[PDB]
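> Would you be able to build a 3D model of this:
(chains A and B, ligands or ions: 1)
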Number of protein chains: 2
Amino acid sequence: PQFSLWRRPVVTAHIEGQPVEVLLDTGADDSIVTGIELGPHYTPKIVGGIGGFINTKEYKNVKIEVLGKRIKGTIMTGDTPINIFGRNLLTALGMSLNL
Amino acid sequence: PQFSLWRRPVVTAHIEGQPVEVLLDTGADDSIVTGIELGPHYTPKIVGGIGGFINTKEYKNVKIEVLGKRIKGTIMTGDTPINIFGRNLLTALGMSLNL
Ligand SMILES: COC(=O)[C@@H](NC(=O)[C@@H](NC(=O)CC[C@H](O)[C@H](Cc1ccccc1)NC(=O)[C@H](C)NC(=O)[C@H](C)N)C(C)C)C(C)C
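Numbering: from 1, shown residues only, chains lettered A, B, ... in the order given. Next up is the structure itself:
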């Protein structure tokens, strides 16, 4: 898998069985997703960026299958315009930015 | 170079001579920076981010020297909390996201 980046690096991930489209973001410290409900045990958290900050619901031990791999990881749920797979999951997949 | 992503892929860039700390961002289609002076021949653009939109001044063909390569591209000036070098400049550098 190599993303040349001429187009957004989006891929399909299965987060606890749900297919979700996701952007591979090296500029994101965390992974935020909308549209999937992961349940009642989470930690309110806040994440910020261009535009401001949003409130998120942080989940642990989330089962995700992306690019042919199955990893367990932390996902945040919240008011996001696009689903993001941040650096915490990209390191878990062994993905790297190269020049 | 290879940037594994255990820490933020922040690098040093010179935008028309001016140095600035920049985040190489695959989740950014555009490059937005702040604290750099540019040529008042800009066109107002709007840029969306996590939780919001900010007012931007768009400059075309700005000369940039980053990661030892000289490049040219559109950079947006705005009150961004993080200086971002998006895909328009990453592709120009020849960067790739790899698994
Ligand atoms: C916990 O600490 C934090 O929250 C840290 N924040 C971060 O790490 C945040 N990183 C970030 O906020 C880094 C920026 C992200 O990569 C977003 C992703 C995005 C794309 C499209 C639409 C919406 C959002 N890109 C953008 O905002 C770019 C400028 N937008 C665009 O390219 C538009 C869509 N053309 C994440 C929370 C998303 C910190 C740097 C403040």
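
> can you tell me the residue of chain A closest to the ligand?
Proximity to the ligand, evaluated over chain A using C-beta to the nearest ligand atom, is greatest for residue A:49 at 2.4 Å. In short, each C-beta sits where N, CA and C put it, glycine included.

> Assess the claim that that residue and residue B:48 are in contact.
No - using C-beta atoms under 8 Å, residue A:49 is not in contact with residue B:48; the gap is 10.3 Å.

> More neighbours: which of the two?
With neighbours defined as other C-beta atoms under 10 Å in any protein chain shown, residue A:49 and residue B:48 compare such that residue A:49 has more, 23 against 14.

> Distance of the residue nearest to that one when sequence neighbours are not counted relative to residue B:28?
Excluding the flanking residues, the one nearest residue A:49 by C-beta to C-beta, 6 or more residues apart in numbering or on different chains is residue B:50, at 3.5 Å. Using C-beta to C-beta, to the nearest Å, residue B:50 is found at 11 Å from residue B:28.

> Tell me which of those two has more neighbours.
Of the pair residue B:50 and residue B:28, residue B:28 is the one with more neighbours under other C-beta under 10 Å, namely 28 against 22.

> which residue is nearest the middle of chain A?
In chain A, the centroid-proximal residue (C-alpha atoms, centre = their mean) is residue A:85; its distance is 2.5 Å.

> give the contact list for it.
A:13, A:22-25, A:28, A:31, A:66 (C-beta atoms under 8 Å, 6 or more residues apart in numbering or on different chains).

> Which ones, among these, also lie beside the ligand?
Among the contacts of residue A:85, the ones lying close to the ligand by the criterion of C-beta under 6 Å from any ligand atom are A:25, A:28.

> tell me what the longest strand along chain A is packed against?
Ranked by residue count under DSSP state E, the longest strand found in chain A is strand A:52-66. With contacts defined as 3 or more C-beta pairs under 8 Å, 6 or more residues apart in numbering or on different chains; DSSP states H and E, the secondary structure elements packing on strand A:52-66 are strand A:10-15, strand A:43-49, strand A:69-77.
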